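Colleague:
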Amino acid sequence: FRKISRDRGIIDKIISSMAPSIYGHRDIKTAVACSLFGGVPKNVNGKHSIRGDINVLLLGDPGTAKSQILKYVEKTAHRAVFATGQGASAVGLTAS
Amino acid sequence: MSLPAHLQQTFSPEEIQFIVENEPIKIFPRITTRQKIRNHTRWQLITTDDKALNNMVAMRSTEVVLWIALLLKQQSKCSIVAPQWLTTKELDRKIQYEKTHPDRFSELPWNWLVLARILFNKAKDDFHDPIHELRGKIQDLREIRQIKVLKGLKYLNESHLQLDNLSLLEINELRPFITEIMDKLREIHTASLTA
Amino acid sequence: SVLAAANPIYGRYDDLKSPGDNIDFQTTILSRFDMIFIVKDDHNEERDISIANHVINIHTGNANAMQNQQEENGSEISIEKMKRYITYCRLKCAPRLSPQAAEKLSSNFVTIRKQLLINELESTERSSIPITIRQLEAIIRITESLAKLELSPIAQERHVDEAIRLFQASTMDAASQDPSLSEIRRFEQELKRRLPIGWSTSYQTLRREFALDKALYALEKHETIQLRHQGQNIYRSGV
Amino acid sequence: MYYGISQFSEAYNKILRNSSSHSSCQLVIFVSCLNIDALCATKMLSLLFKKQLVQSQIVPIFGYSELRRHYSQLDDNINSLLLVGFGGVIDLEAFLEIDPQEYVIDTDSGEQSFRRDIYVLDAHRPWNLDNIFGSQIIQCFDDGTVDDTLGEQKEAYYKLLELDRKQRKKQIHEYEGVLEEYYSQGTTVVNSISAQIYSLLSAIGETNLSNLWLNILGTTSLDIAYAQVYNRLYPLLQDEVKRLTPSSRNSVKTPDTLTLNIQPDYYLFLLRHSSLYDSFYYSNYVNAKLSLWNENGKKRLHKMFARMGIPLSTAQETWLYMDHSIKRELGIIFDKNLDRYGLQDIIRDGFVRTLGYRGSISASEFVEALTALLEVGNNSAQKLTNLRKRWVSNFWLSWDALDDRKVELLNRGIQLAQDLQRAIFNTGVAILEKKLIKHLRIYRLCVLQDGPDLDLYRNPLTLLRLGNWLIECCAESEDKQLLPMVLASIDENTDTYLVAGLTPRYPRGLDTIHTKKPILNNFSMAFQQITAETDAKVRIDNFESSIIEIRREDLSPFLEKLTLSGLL
Ligand SMILES: Nc1ncnc2c1ncn2[C@@H]1O[C@H](COP(=O)(O)OP(=O)(O)O)[C@@H](O)[C@H]1O
Ligand SMILES: [Mg+2]
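Protein chains in written order, with the entry's author numbering: chain 2, 484 to 579; chain B, 1 to 38, 46 to 202; chain 5, 518 to 696, 707 to 737, 747 to 775; chain E, 1 to 108, 111 to 166, 223 to 436, 461 to 650.
Take a look at the structure:
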């Protein structure tokens, strides 16, 4: 990891390696990679708290591999949960 | 007014220490002001006796007023001799007296608390007994004497009260309570006896 | 005490819509709240730069130094100290109004209700934000809290003035939001044609010409007229 | 020589004769703040003059400008002046505008007397020959260097002084060469002022346990940057501790016993007041020997702790509450499992003082607490003066920390020391990760331009702490050759930098022939020469000579000229 990270253009390799079997969509791949790595959660003096995770919304026409990218992210991410449309209630999403 | 509220009818403990510091104490001088047969400035004080100060001979015990003994002990120019009552044997004897007679106080000197505090602070290395034990016996005497006082403040009538052998600091700290509860129990009595 | 944060329908305030359409809360629930703040995104460049520079300082570790320096300077209080101070004030002081304070509170409540009445009469629809006796008690409580934080046993007129200002800045501001039309159009056209582009006319003269005349304020929004001489002169700003 | 070791009592008696009058306060002690050694020396002097009821005034002075201003403000009644921690490397009579004809009384009869005596008391070796040899008002408390290693300089100075053909001119140049080679020398430190004043006290006979403890603190203040001096002075302290400790050993502990002890004092960071893991992690020496700044260092530390058989839960426990099984086996465990990692130098002997029931504390920890209290205890030419005012104020916090009745202040100092070491570690890993230190063939520059808590480094003591961290890290790297380092830190409010030219040092515990010869800090002369020409708004006023304040825009040309300068 430390050896390949020092490479110039590692970000481009990582982005290009998100959905290898999905053509194009480099903006979506960039957004998904940024979400997968996430940000740093700040906490100012123990009082102010800043979110440190990046949310992504894929909005587009049908048959553009939006669900396939989500399935890939489920495959790749450490702790991933998949919930769809009407099959996810308010208390099942958060807590009951 | 001229005199603050907390100094109205009592003495601040600093004033009690001031009063105690005027009592003579015995010291071993580390200097010698005795002029030989064969200049120098003499003390010639106005509120005490300068005779014992102009005739100090090193390691020859004299008696000087306490506030001067402390002044010399500020340097290494004297060595305050602890009073005989401030030894472990005598403190144990007084503690036994207190534990044996639960109705009256022991015959400790009126300045025992103030003198003990002053000597422990300023002359901590002039005791033939370990100071860590003298402190532990002074505290024990204080505790026993406090127990006897709280069981006698249960006799606060309106006529009088005999606090025999009580020290000066203990009396000073009990003054604003005793002398203001007895005043009220006297005002009630005189109001009743208005016939 | 209930500190509730809400969101108007459609997310943004959408001031084009009526003030009653944005707020879905009933009048009954809205009457309990002493101060009803309606904040808005100004989208002001000079303020946006300040907010951005503050947030970036928050992120880049500068807060942990600046806040500590301010707190040690004496211009701030740590949480553990403000909590103790709040408890002490709540268990030590319960201020009550002075008669001069009560006169001010009564005379201000009457003014507030009169303003609400004229707004309702103009709009011919009950205001979404209500002003009731519970709001007079709200101003009383704000005054007493302002006195309490100073541990003052009696609330002077300074606290009344500040409580009135706070109420005007929160609930009156919430209630003052605004979205006949033929009269407005006629007034705009006649003053545009009559009053020249570069000159000014006094407002008593426009009154003689004739109402509430919100058209002048609307034009002031469009920067075509400008009231300058303390409202006694209406000057066509150049549009 | 001016005042040798054997004649300190003469200086003390002269001071007593001149200014031991209860009528007024004719004695003024000028102490250099931001110097623990000077702080302990002035505490010794304060106690000694309190015993003899000599009225005195103690003024903390930060820079030479403050010294000059105070001397100008100084009244003529004050006929005894003590300069503690400075004044020995500059022409004080010239700096203060002193002419002996205006301070001389009763000239007659081969003797001379003066109406004011200035006693300089410091340890920086470049003694100004016009002070140690050519002035009677200025009286220097020498430590024996001048009477043994300045014979040639003495002859060269006196010949030029007395002499005001071809052979005469040639000999003058030869002698003037001897004076010149004496100058152009880096400023080092050979002794500790606390040890010098303790020697004076031994001469007078006022030595006691408190004075010995102050001596130990002053000497231990030198162990970080001048370990040769500390190792030279250690046997004397070891002998004094044995001499002064009462014979009633192995007695029961009582709430009054004060015990100076020589027991294993491992060279960790606040071992007794923090967890064992934090003592290793934040130690300068352990960091240098393990390179904890990188990611692999923490793994090495955890592996070491597992190797010793100390659980991480026990290792991270506070030292007071660590289980008595582990805490009593630290010596054996360290013997078994320290030479593997090269940390054999961690084991060491130090002085530990326990005051009754208040728990042990070592001199190494005590001086860190004092230093922390000095550092963080509490348009451009005015805010800087506010910083100087706060820095002077912190001297009294560190002074009050010495009193046994203010342990609640020493604990605050300990907490501040832990926080400052944490900040230093964070900035060090930030510097070594971004590779901010630009290697050169003259000096390894390093400028702090941006980051967190950058306001800590406007204090010279904190900047020197960070520099010592970096220098310890670099000293244990064999590849990196020895080279002076420069640290700078931009002060945004004043738009000025704080350049602190440092000096390299050999690895700790490495004793060789070249190690015996001390390293000399040449930055003072370079800075002064560069500032003399090419006016750049440089402020050279610190008693620490190798520290200047330079404008933000003028920093780069200054460093360019310094690179062109071959003095250092
Ligand atoms: N850019 C692309 N490259 C490869 N396959 C794609 C691409 N876009 C869409 N597909 C294919 O379209 C099929 C259906 O995609 P789908 O998951 O239905 O997307 P959406 O849910 O957005 O309609 C997938 O099997 C996927 O292989
Ligand atoms: Mg889909």
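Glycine included, C-beta positions come from ideal geometry on N, C-alpha and C.
Which whole runs of the beta strand (DSSP E) in the stretch 1–89 of chain E are 3 residues long or more, in chain order?
Modeller: Entirely contained in the stretch 1–89 of chain E, the beta strand (DSSP E) runs reaching 3 residues are, in chain order, 27–32, 56–61, 80–84.
Colleague: Which chain 2 residues sit within Cβ distance under 8 Å of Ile596 (chain 5)?
Modeller: Result: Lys530.
Colleague: Within the structure, which residues are defined as neighbours of ligand 2 by a Cβ-heavy atom distance below 6 Å, reported in chain order?
Modeller: Those residues are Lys549 (chain 2), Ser550 (chain 2), given in chain order.
Colleague: At least one CB of chain 5 closer than 7 Å to the CB of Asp577 (chain E): is that the case?
Modeller: No - not a single Cβ of chain 5 is within 7 Å of the one on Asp577 (chain E).
Colleague: Measure from the alpha carbon of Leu122 (chain B) to the alpha carbon of each residue in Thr48 (chain B), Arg142 (chain B), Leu160 (chain B), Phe28 (chain B), then state which is nearest.
Modeller: Of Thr48 (chain B), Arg142 (chain B), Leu160 (chain B), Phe28 (chain B), the residue nearest in Cα terms is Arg142 (chain B).
Colleague: Using DSSP with H/G/I as helix, E/B as strand and the rest coil, what is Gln8 (chain B)?
Modeller: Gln8 (chain B): coil per DSSP, three-state reduction.
Colleague: DSSP three-state call for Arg406 (chain E): helix, strand or coil?
Modeller: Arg406 (chain E) falls in the coil class under three-state DSSP.
Colleague: What are the boundary residues of the alpha helix (DSSP H) that includes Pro536 (chain 5)?
Modeller: It spans 536–539 - the alpha helix (DSSP H) in which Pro536 (chain 5) sits, taken as one unbroken run.
Colleague: Within the same chain, show all residues whose beta-carbon is closer than 6 Å to that of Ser627 (chain E), passing over the 5 residues directly before and after it, in chain order.
Modeller: Result list for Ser627 (chain E): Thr245, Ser606, in chain order.
Colleague: Applying a beta-carbon distance threshold of less than 7 Å, which residues of chain 2 neighbour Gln584 (chain 5)?
Modeller: The answer, in chain order, is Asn528.
Colleague: Using 8 Å as the cut-off, can you tell me whether the stretch 71–86 of chain E makes contact with the stretch 112–125 of chain E, which would need three or more C-beta pairs spanning the two stretches below that distance?
Modeller: Yes, the stretch 71–86 of chain E touches the stretch 112–125 of chain E.
Colleague: For the stretch 95–107 of chain E, enumerate the residues whose C-beta is nearer than 7 Å to any C-beta of chain B, in chain order.
Modeller: Hits within the stretch: zero.
Colleague: Taking the beta strand (DSSP E) that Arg526 (chain E) falls in, what are its first and last residues?
Modeller: Residues 526–530.
Colleague: Please look up how many angstroms separate the CB atoms of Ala253 (chain E) and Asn273 (chain E), rounded, as I've assumed it's under 8 Å.
Modeller: Indeed they touch by this definition, with Cβ atoms about 6 Å apart.
Colleague: Residues of chain 5 with CB closer than 7 Å to the CB of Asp537 (chain E), please, in chain order.
Modeller: Correct list: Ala582.
Colleague: Does the beta carbon of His139 (chain B) come closer than 7 Å to any beta carbon on chain E?
Modeller: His139 (chain B) counts as touching chain E.
Colleague: Looking at the structure shown, is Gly153 (chain E) part of a helix, part of a strand, or coil, going by DSSP?
Modeller: In this structure, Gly153 (chain E) counts as helix in the three-state DSSP scheme.
Colleague: I want to verify the contact list: residues of chain E whose CB lies under 7 Å from the CB of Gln146 (chain B), in sequence order.
Modeller: Result: empty, since nearest Cβ-Cβ is about 12 Å, beyond 7 Å.
Colleague: If I'm right that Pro183 (chain B) touches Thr10 (chain B) with Cβ under 8 Å, what's the distance once you round it to whole angstroms?
Modeller: Their Cβ separation, rounded to whole angstroms, is 6 Å, which keeps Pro183 (chain B) and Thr10 (chain B) in contact under 8 Å.
Colleague: Would you identify the three-state DSSP class for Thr32 (chain B), choosing helix, strand or coil?
Modeller: Three-state result, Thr32 (chain B): coil.
Colleague: Quick check on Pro524 (chain 2): does DSSP put it in helix, strand or coil?
Modeller: Correct three-state label for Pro524 (chain 2): coil.
Colleague: Starting from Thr728 (chain 5), trace the beta strand (DSSP E) in both directions and tell me its first and last residue.
Modeller: Taken as a continuous stretch (DSSP letters only), the beta strand (DSSP E) holding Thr728 (chain 5) covers 727–729.
Colleague: Could you work out which residue in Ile601 (chain E), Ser72 (chain E), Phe409 (chain E), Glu433 (chain E) is closest to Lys300 (chain E) when comparing CA atoms only?
Modeller: With distances taken between Cα atoms, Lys300 (chain E) lies closest to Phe409 (chain E).
Colleague: So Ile533 (chain 2) contacts chain 5; which residues on that side make the cut at Cβ distance below 8 Å?
Modeller: Residues of chain 5 passing the Cβ test: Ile575, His576.
Colleague: Residues of chain B with CB closer than 9 Å to the CB of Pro313 (chain E), please, in chain order.
Modeller: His139, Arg142, listed in chain order.
Colleague: Of all the options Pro589 (chain E), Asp537 (chain E), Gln610 (chain E), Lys356 (chain E), which has the alpha carbon lying nearest to the alpha carbon of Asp561 (chain E)?
Modeller: Here the closest residue by C-alpha is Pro589 (chain E).
Colleague: Can you give me the start and stop residues for the beta strand (DSSP E) that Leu318 (chain E) sits inside?
Modeller: Start and end: 316–322.
Colleague: Have a look at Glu593 (chain 5) and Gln584 (chain 5) and give me their C-alpha separation to the nearest angstrom.
Modeller: Looking at the two C-alpha atoms, the distance is approximately 8 Å.
Colleague: Examine ligand 1 and report whether any of its heavy atoms sits within less than 6 Å of the Cβ of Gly510 (chain E).
Modeller: No, the Cβ of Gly510 (chain E) stays beyond 6 Å of every heavy atom of ligand 1.
Colleague: For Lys488 (chain E), go through chain B and note every residue whose CB falls closer than 9 Å to its CB, in chain order.
Modeller: Per Cβ cutoff of 9 Å: no residues; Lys488 (chain E) is ~17 Å from chain B at best.
Colleague: Can you tell me which residues form a DSSP beta bridge with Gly583 (chain E)?
Modeller: The partner list for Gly583 (chain E) (beta bridge, DSSP) reads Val568 (chain E).
Colleague: Using a threshold of 7 Å, state whether the C-beta atoms of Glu515 (chain E) and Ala346 (chain E) are closer than that.
Modeller: Contact: no.
Colleague: Measuring CA to CA, which of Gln57 (chain E), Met44 (chain E), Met1 (chain E) is closest to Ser20 (chain E)?
Modeller: Per the Cα distances, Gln57 (chain E).
Colleague: Compute every distance between the C-beta of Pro503 (chain 2) and the non-hydrogen atoms of ligand 1, then say whether any falls below 6 Å.
Modeller: No, Cβ of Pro503 (chain 2) sits at least 6 Å from all heavy atoms of ligand 1.
Colleague: Along chain 5, in chain order, which residues have C-beta atoms closer than 7 Å to that of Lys525 (chain 2)?
Modeller: Those within 7 Å of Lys525 (chain 2) in chain 5 are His576.
Colleague: Which residue or residues does DSSP assign as beta-bridge partners of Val519 (chain 5)?
Modeller: For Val519 (chain 5), which the question treats as bridged, DSSP gives no partner whatsoever.
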